[PDB]
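**Student:** Sending over entry_12.cif (mmCIF, C-alpha atoms and all ligand atoms).
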data_target
#
loop_
_atom_site.label_atom_id
_atom_site.label_comp_id
_atom_site.auth_asym_id
_atom_site.auth_seq_id
_atom_site.Cartn_x
_atom_site.Cartn_y
_atom_site.Cartn_z
CA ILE A 6 0.97 4.70 6.71
CA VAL A 7 -2.61 5.65 7.61
CA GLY A 8 -4.95 6.94 4.90
CA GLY A 9 -2.46 6.29 2.12
CA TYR A 10 -2.45 4.21 -1.05
CA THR A 11 -0.59 1.23 -2.51
CA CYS A 12 2.53 2.68 -4.13
CA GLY A 13 2.95 0.05 -6.82
CA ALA A 14 5.82 -2.45 -7.04
CA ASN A 15 9.22 -0.72 -7.08
CA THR A 16 7.87 2.79 -7.67
CA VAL A 17 9.91 3.99 -4.68
CA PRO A 18 13.34 2.47 -5.56
CA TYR A 19 15.20 4.14 -2.67
CA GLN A 20 12.96 2.71 0.05
CA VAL A 21 14.54 0.04 2.23
CA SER A 22 13.22 -2.26 4.94
CA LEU A 23 15.34 -2.87 8.04
CA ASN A 24 14.84 -6.50 9.05
CA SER A 25 15.73 -8.58 12.12
CA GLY A 26 13.53 -11.60 11.48
CA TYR A 27 10.71 -9.15 10.83
CA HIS A 28 10.31 -5.63 9.43
CA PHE A 29 10.92 -3.02 12.14
CA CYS A 30 11.92 0.22 10.37
CA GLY A 31 12.26 1.94 7.03
CA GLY A 32 15.27 3.65 5.52
CA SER A 33 16.54 5.40 2.39
CA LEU A 34 19.39 4.37 0.10
CA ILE A 35 21.62 7.40 -0.54
CA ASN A 36 24.39 5.59 -2.45
CA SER A 37 25.41 2.01 -3.27
CA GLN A 38 26.79 1.39 0.23
CA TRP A 39 24.92 3.69 2.60
CA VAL A 40 21.43 3.94 4.05
CA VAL A 41 19.98 6.73 6.18
CA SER A 42 17.39 5.94 8.86
CA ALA A 43 16.28 7.07 12.32
CA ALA A 44 18.49 6.80 15.39
CA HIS A 45 15.64 5.22 17.36
CA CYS A 46 15.74 2.32 14.89
CA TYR A 47 19.19 1.27 16.09
CA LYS A 48 19.73 -2.37 17.04
CA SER A 49 22.25 -5.14 16.39
CA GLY A 50 21.77 -7.81 13.74
CA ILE A 51 20.25 -5.59 11.08
CA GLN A 52 19.70 -6.93 7.57
CA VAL A 53 18.89 -4.32 4.93
CA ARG A 54 16.32 -5.39 2.34
CA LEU A 55 16.27 -3.46 -0.92
CA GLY A 56 13.95 -3.74 -3.92
CA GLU A 57 11.03 -4.89 -1.79
CA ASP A 58 7.30 -4.52 -2.36
CA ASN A 59 5.66 -7.47 -0.61
CA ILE A 60 7.92 -7.95 2.43
CA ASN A 61 6.49 -11.41 3.14
CA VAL A 62 7.10 -12.92 -0.30
CA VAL A 63 10.24 -13.19 -2.43
CA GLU A 64 8.93 -11.75 -5.71
CA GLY A 65 12.22 -11.00 -7.41
CA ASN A 66 14.31 -7.81 -7.47
CA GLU A 67 15.07 -8.12 -3.76
CA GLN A 68 18.60 -7.72 -2.45
CA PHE A 69 19.33 -8.72 1.16
CA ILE A 70 22.52 -7.19 2.55
CA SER A 71 23.79 -7.26 6.13
CA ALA A 72 24.67 -3.98 7.81
CA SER A 73 28.41 -3.76 8.51
CA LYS A 74 28.06 -0.83 10.90
CA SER A 75 25.39 1.52 12.20
CA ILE A 76 26.29 5.08 13.11
CA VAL A 77 23.85 6.83 15.42
CA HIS A 78 24.31 10.61 15.56
CA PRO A 79 26.62 11.34 18.55
CA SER A 80 24.19 13.94 19.89
CA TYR A 81 21.05 11.84 19.56
CA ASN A 82 18.82 12.28 22.63
CA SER A 83 16.40 9.38 23.17
CA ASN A 84 14.17 11.47 25.46
CA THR A 85 13.57 14.38 23.08
CA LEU A 86 14.39 12.58 19.82
CA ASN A 87 16.55 15.53 18.82
CA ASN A 88 19.08 14.47 16.16
CA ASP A 89 17.10 11.33 15.31
CA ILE A 90 19.26 10.20 12.41
CA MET A 91 21.46 7.17 11.79
CA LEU A 92 23.72 6.02 8.96
CA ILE A 93 24.04 2.35 8.03
CA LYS A 94 26.93 1.03 5.97
CA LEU A 95 26.22 -2.07 3.87
CA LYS A 96 28.60 -5.05 4.06
CA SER A 97 28.63 -5.10 0.25
CA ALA A 98 27.61 -2.48 -2.31
CA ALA A 99 24.08 -2.84 -3.64
CA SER A 100 23.48 -3.46 -7.35
CA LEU A 101 21.79 -0.30 -8.59
CA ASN A 102 19.16 -0.62 -11.31
CA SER A 103 15.71 0.72 -12.19
CA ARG A 104 14.19 -1.03 -9.16
CA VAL A 105 16.94 -0.20 -6.65
CA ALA A 106 18.22 3.36 -6.79
CA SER A 107 19.55 6.03 -4.45
CA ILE A 108 17.80 9.28 -3.55
CA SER A 109 19.59 12.65 -3.58
CA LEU A 110 20.41 14.65 -0.47
CA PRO A 111 19.03 18.22 -0.38
CA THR A 112 21.11 21.31 -1.15
CA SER A 113 18.67 23.57 0.68
CA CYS A 114 15.81 23.14 3.14
CA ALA A 115 12.21 22.76 1.95
CA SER A 116 9.65 25.48 2.66
CA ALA A 117 6.22 25.19 4.26
CA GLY A 118 3.59 24.02 1.79
CA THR A 119 6.01 21.84 -0.17
CA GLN A 120 4.33 18.57 -1.17
CA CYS A 121 6.26 15.42 -0.28
CA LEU A 122 5.97 11.65 -0.61
CA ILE A 123 6.16 9.53 2.55
CA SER A 124 6.28 5.72 2.35
CA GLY A 125 6.56 2.63 4.52
CA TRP A 126 5.25 -0.73 5.71
CA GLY A 127 4.01 0.67 9.02
CA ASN A 128 0.61 0.35 10.70
CA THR A 129 -2.28 1.43 8.47
CA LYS A 130 -4.82 1.87 11.27
CA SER A 131 -5.25 4.86 13.57
CA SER A 132 -7.11 2.81 16.17
CA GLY A 133 -5.65 -0.69 16.23
CA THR A 134 -2.94 -2.71 14.48
CA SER A 135 -2.82 -3.76 10.83
CA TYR A 136 0.49 -4.16 8.98
CA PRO A 137 0.40 -4.30 5.15
CA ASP A 138 2.32 -6.73 2.96
CA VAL A 139 3.04 -4.18 0.23
CA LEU A 140 4.54 -0.69 0.38
CA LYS A 141 2.14 2.15 1.16
CA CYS A 142 2.40 5.76 -0.02
CA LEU A 143 1.17 9.15 1.21
CA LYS A 144 1.45 12.64 -0.26
CA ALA A 145 1.71 15.21 2.54
CA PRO A 146 2.66 18.89 2.82
CA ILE A 147 5.30 20.37 5.10
CA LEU A 148 3.57 22.54 7.70
CA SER A 149 4.58 26.00 8.92
CA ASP A 150 6.89 26.15 11.91
CA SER A 151 4.27 28.14 13.84
CA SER A 152 1.59 25.48 13.37
CA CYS A 153 4.07 22.73 14.26
CA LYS A 154 5.08 24.40 17.52
CA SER A 155 1.50 25.20 18.46
CA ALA A 156 0.72 21.50 18.06
CA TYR A 157 3.71 20.34 20.13
CA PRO A 158 4.57 23.18 22.54
CA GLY A 159 8.20 23.09 23.67
CA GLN A 160 9.00 19.80 21.93
CA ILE A 161 10.01 20.96 18.45
CA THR A 162 13.70 21.70 17.87
CA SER A 163 15.34 23.34 14.87
CA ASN A 164 16.16 19.82 13.64
CA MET A 165 12.52 18.83 13.24
CA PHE A 166 9.56 19.77 11.07
CA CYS A 167 5.91 18.74 10.92
CA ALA A 168 4.20 17.33 7.84
CA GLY A 169 0.72 15.98 7.28
CA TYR A 170 -2.87 16.98 7.95
CA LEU A 171 -4.40 18.75 10.94
CA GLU A 172 -7.82 17.24 10.20
CA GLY A 173 -6.35 13.80 10.87
CA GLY A 174 -6.94 10.63 8.88
CA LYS A 175 -3.62 10.68 7.00
CA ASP A 176 -0.22 10.22 8.65
CA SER A 177 2.83 7.97 8.99
CA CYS A 178 2.75 5.55 11.92
CA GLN A 179 4.57 2.88 13.95
CA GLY A 180 6.67 0.80 11.58
CA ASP A 181 7.24 3.69 9.20
CA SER A 182 10.04 4.97 11.48
CA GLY A 183 13.28 5.80 9.70
CA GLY A 184 11.55 5.99 6.33
CA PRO A 185 11.80 8.72 3.66
CA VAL A 186 10.03 12.03 3.19
CA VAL A 187 10.98 13.01 -0.35
CA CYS A 188 10.10 16.40 -1.80
CA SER A 189 10.89 17.27 -5.42
CA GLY A 190 13.39 14.44 -5.79
CA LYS A 191 15.26 15.25 -2.58
CA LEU A 192 15.26 13.46 0.79
CA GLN A 193 14.08 16.18 3.18
CA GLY A 194 12.90 14.13 6.13
CA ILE A 195 13.04 10.91 8.13
CA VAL A 196 9.96 9.50 9.87
CA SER A 197 10.64 10.22 13.55
CA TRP A 198 7.69 10.70 15.91
CA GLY A 199 4.23 12.02 16.65
CA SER A 200 1.31 11.56 19.04
CA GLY A 201 -0.64 8.45 18.14
CA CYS A 202 -1.34 8.23 14.40
CA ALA A 203 -3.58 10.32 12.16
CA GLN A 204 -5.11 12.14 15.14
CA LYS A 205 -6.47 15.63 14.47
CA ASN A 206 -4.21 18.52 15.47
CA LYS A 207 -1.32 16.06 15.92
CA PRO A 208 0.71 15.92 12.67
CA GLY A 209 3.75 13.72 12.17
CA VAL A 210 7.16 15.03 13.18
CA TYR A 211 10.21 14.44 10.98
CA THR A 212 13.97 14.77 11.24
CA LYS A 213 15.07 17.79 9.19
CA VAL A 214 17.67 16.23 6.88
CA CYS A 215 18.89 19.48 5.30
CA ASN A 216 20.53 20.31 8.66
CA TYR A 217 22.64 17.14 8.50
CA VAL A 218 24.00 17.15 4.94
CA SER A 219 27.51 18.17 6.01
CA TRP A 220 27.54 15.65 8.86
CA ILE A 221 26.42 12.84 6.56
CA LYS A 222 29.00 13.63 3.90
CA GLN A 223 31.84 14.01 6.39
CA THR A 224 30.91 10.79 8.19
CA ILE A 225 30.62 8.73 5.01
CA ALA A 226 33.98 10.06 3.78
CA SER A 227 35.77 8.91 6.94
CA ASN A 228 34.23 5.42 7.11
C1 LIG B 301 9.53 6.38 18.52
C2 LIG B 301 8.57 5.43 17.81
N1 LIG B 301 7.43 6.18 17.29
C3 LIG B 301 7.44 6.54 16.04
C4 LIG B 301 6.38 7.28 15.39
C5 LIG B 301 6.51 7.61 14.04
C6 LIG B 301 5.53 8.32 13.38
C7 LIG B 301 4.39 8.73 14.04
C8 LIG B 301 3.42 9.57 13.38
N2 LIG B 301 2.19 9.67 13.85
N3 LIG B 301 3.76 10.25 12.29
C9 LIG B 301 4.24 8.41 15.38
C10 LIG B 301 5.22 7.69 16.06
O1 LIG B 301 4.96 7.45 17.36
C11 LIG B 301 8.08 4.36 18.78
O2 LIG B 301 7.52 4.79 19.86
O3 LIG B 301 8.24 3.17 18.49
CA CA B 302 9.55 -9.38 -1.19
CU CU B 303 5.97 6.27 18.73
#
What is this file in C-alpha cells?

**Tutor:**
Amino acid sequence: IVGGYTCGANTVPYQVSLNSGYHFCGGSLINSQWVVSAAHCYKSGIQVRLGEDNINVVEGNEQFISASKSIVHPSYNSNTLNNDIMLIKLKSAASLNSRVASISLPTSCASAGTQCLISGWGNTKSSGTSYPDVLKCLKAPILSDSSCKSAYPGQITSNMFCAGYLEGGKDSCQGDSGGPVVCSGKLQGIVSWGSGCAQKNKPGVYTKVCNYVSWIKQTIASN
C-alpha cells in the first residue's frame, strides 16, 4: 500500500496473508474454511496466516493453517487477468473470534464514488522497494467506468473496476495482490493489477467480486 496508514492490530479481522516461507499475497476470509484471493497468486505449498499484524513476529492471535486445495477460476486468463479470482479451502476450520472474522459477500455491485478500504502488506514505495512489518490501510473510491477505460484503453473487462486516485500518491501495490477491497461491510474487490504503483492517471484495477457471487457459492457448496 502506497500513501496509506497503519491500520492498527487486528482492525481488519478478515485480512489474511498467503505464506510460502515469506508473504507473497493477501486474501479475505469469507467463512471458517474458505479464503478468496487472486488467481495470479496461485502456487503450491500455501500456508494461510490469519490474525496477523506484524508478519515477522508471533504476537499472539495468529492462526497458521495449510491450504487443502486452491481453486483458480476455470476461465482465468493470465495474459489479460480477466477472471482473476481464486478460492482456497483451509485444511481445518479457523477459530472465529473478534480478531479473526469473515467478511460478507455483496448482494449487489458497488457504484462509482463508493468509498472502500483496501489493505495489505505490499510495497509502500512508488519508486523502489520497502515492505512493511505491519498491516497498512488505504481508503479509496471506486472510479467511473468511463474514467477507468480512458486510463486503460481496451484492457478493462466487465469483471474489473478501477479504484484510487488519478493524482497519484495513493494506491495498492506489489504484495497487496489478492487482498480485499471492502465497501460498506461487503467485499467488492480483489487487488489485481495496475501500471506501476501510485502513478498519476494510472489507478489500481480490481476484480469485480459482485460478478462472481453465484460462482463462489456454487463452488464452495460442491467442495
Ligand atoms: C500481477 C502482479 N501485479 C499486481 C499489481 C497489483 C496492484 C497494482 C496497483 N498499482 N494497484 C499493481 C500491480 O502490478 C505482478 O506483476 O506481480
Ligand atoms: Ca505475527
Ligand atoms: Cu504487477

**Student:** Give me the residues near residue 77 of chain A as a list in words, where near means some atom within 12 Å (using only C-alpha atoms) and where sequence neighbours in that chain fewer than 3 positions away do not count.

**Tutor:**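 The contact residues come out as residues 40, 41, 42, 43, 44, 45, 46, 47, 48, 74, 80, 81, 82, 83, 86, 87, 88, 89, 90, 91, 92, 93, 94, 220, 221 and 224 of chain A.
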
**Student:** Kindly indicate which residue among A:133, A:9, A:127, A:158 lies nearest to residue 30 of chain A, using only C-alpha atoms for the distances.

**Tutor:** A:127

**Student:** Compute the distance from (-3.4, 3.9, 8.8) to each atom, counting all atoms listed in the file, keep the residues with any atom at most 8 Å away, and return them as JSON, numbers by chain; use the coordinates of the file.

**Tutor:** {"A": [6, 7, 8, 9, 128, 129, 130, 131, 135, 174, 175, 176, 177, 178, 202, 203]}

**Student:** Return as JSON, numbers by chain the residues of protein, DNA or RNA that approach ligand CU 303 (chain B) to within 10 Å, with all atoms listed in the file taken into account.

**Tutor:** {"A": [45, 178, 179, 180, 181, 182, 197, 198, 199, 200, 201, 202]}

**Student:** Could you please take those selected residues and save C-alpha atoms as a PDB file, keeping the file's coordinate frame?

**Tutor:**
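The resulting file, again.pdb, is shown below:
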ATOM      1  CA  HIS A  45      15.640   5.220  17.360  1.00  0.00           C
ATOM      2  CA  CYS A 178       2.750   5.550  11.920  1.00  0.00           C
ATOM      3  CA  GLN A 179       4.570   2.880  13.950  1.00  0.00           C
ATOM      4  CA  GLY A 180       6.670   0.800  11.580  1.00  0.00           C
ATOM      5  CA  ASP A 181       7.240   3.690   9.200  1.00  0.00           C
ATOM      6  CA  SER A 182      10.040   4.970  11.480  1.00  0.00           C
ATOM      7  CA  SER A 197      10.640  10.220  13.550  1.00  0.00           C
ATOM      8  CA  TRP A 198       7.690  10.700  15.910  1.00  0.00           C
ATOM      9  CA  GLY A 199       4.230  12.020  16.650  1.00  0.00           C
ATOM     10  CA  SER A 200       1.310  11.560  19.040  1.00  0.00           C
ATOM     11  CA  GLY A 201      -0.640   8.450  18.140  1.00  0.00           C
ATOM     12  CA  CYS A 202      -1.340   8.230  14.400  1.00  0.00           C
TER      13      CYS A 202
END

**Student:** Between A:208, A:111, A:50, A:18, which is the closest to ligand LIG 301 (chain B) once you count all atoms listed in the file?

**Tutor:** A:208

**Student:** Nearest residue to residue 186 of chain A out of A:213, A:96, A:104, A:222, using only C-alpha atoms?

**Tutor:**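 Nearest to residue 186 of chain A: A:213.
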
**Student:** Residues near residue 117 of chain A, anyone? I mean within 10 Å using only C-alpha atoms, not counting same-chain ones fewer than 5 positions away, as a ChimeraX atom specification.

**Tutor:** /A:146-150,166-168

**Student:** Do you know which residues are within 7 Å of ligand CA 302 (chain B) using all atoms listed in the file? Can you write them as a VMD selection string?

**Tutor:** chain A and resid 57 to 65 67

**Student:** Which one is closest to ligand LIG 301 (chain B): A:162, A:112, A:102, A:84? Count all atoms listed in the file.

**Tutor:**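 That would be A:84, the residue with the smallest distance to ligand LIG 301 (chain B).
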
**Student:** For ligand LIG 301 (chain B), which of A:20, A:25, A:33, A:204 is the closest residue, counting only C-alpha atoms and all ligand atoms?

**Tutor:**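 The answer is A:204, which sits nearest to ligand LIG 301 (chain B).
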
**Student:** Which is closer to ligand LIG 301 (chain B) than all the others in A:192, A:14, A:123, A:215, using all atoms listed in the file?

**Tutor:**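 So, comparing all the options, the nearest one is A:123.
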
**Student:** Can you work out the spacing between atom CA of residue 113 of chain A and atom CA of residue 152 of chain A in Å, to one decimal?

**Tutor:**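 These two atoms are separated by 21.4 Å.
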
**Student:** Just the number, please: distance in Å from atom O1 of ligand LIG 301 (chain B) to atom CA of residue 209 of chain A, one decimal.

**Tutor:** 8.2 Å

**Student:** Dump as number ranges by chain all residues having an atom at most 8 Å from (3.8, 1.1, -0.1), computed in the file's coordinates with all atoms listed in the file.

**Tutor:** A: 10-13, 58, 124-126, 139-142

**Student:** For atom CA of residue 32 of chain A and atom CA of residue 171 of chain A, quote the distance in Å rounded to one decimal.

**Tutor:**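 So the answer is 25.4 Å.
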
**Student:** For residue 23 of chain A, please output as a list in words all residues within 8 Å (counting only C-alpha atoms; exclusion window: fewer than 2 positions along the same chain).

**Tutor:** residues 21, 25, 28, 29, 30, 31, 32, 51, 52, 53 and 54 of chain A

**Student:** Find the spatial neighbours of residue 108 of chain A, counting all atoms listed in the file, within a cut-off of 7 Å - ignore same-chain residues fewer than 2 positions away - and output them as a PyMOL selection string.

**Tutor:** chain A and resi 19+34-35+106+110+191-192

**Student:** Can you report as lines of an AutoDock Vina configuration file the centre and edge lengths in Å, to one decimal, of an axis-aligned box around the listed atoms of ligand LIG 301 (chain B) padded with 8 Å on each side?

**Tutor:**
center_x = 5.9
center_y = 6.7
center_z = 16.1
size_x = 23.3
size_y = 23.1
size_z = 23.6
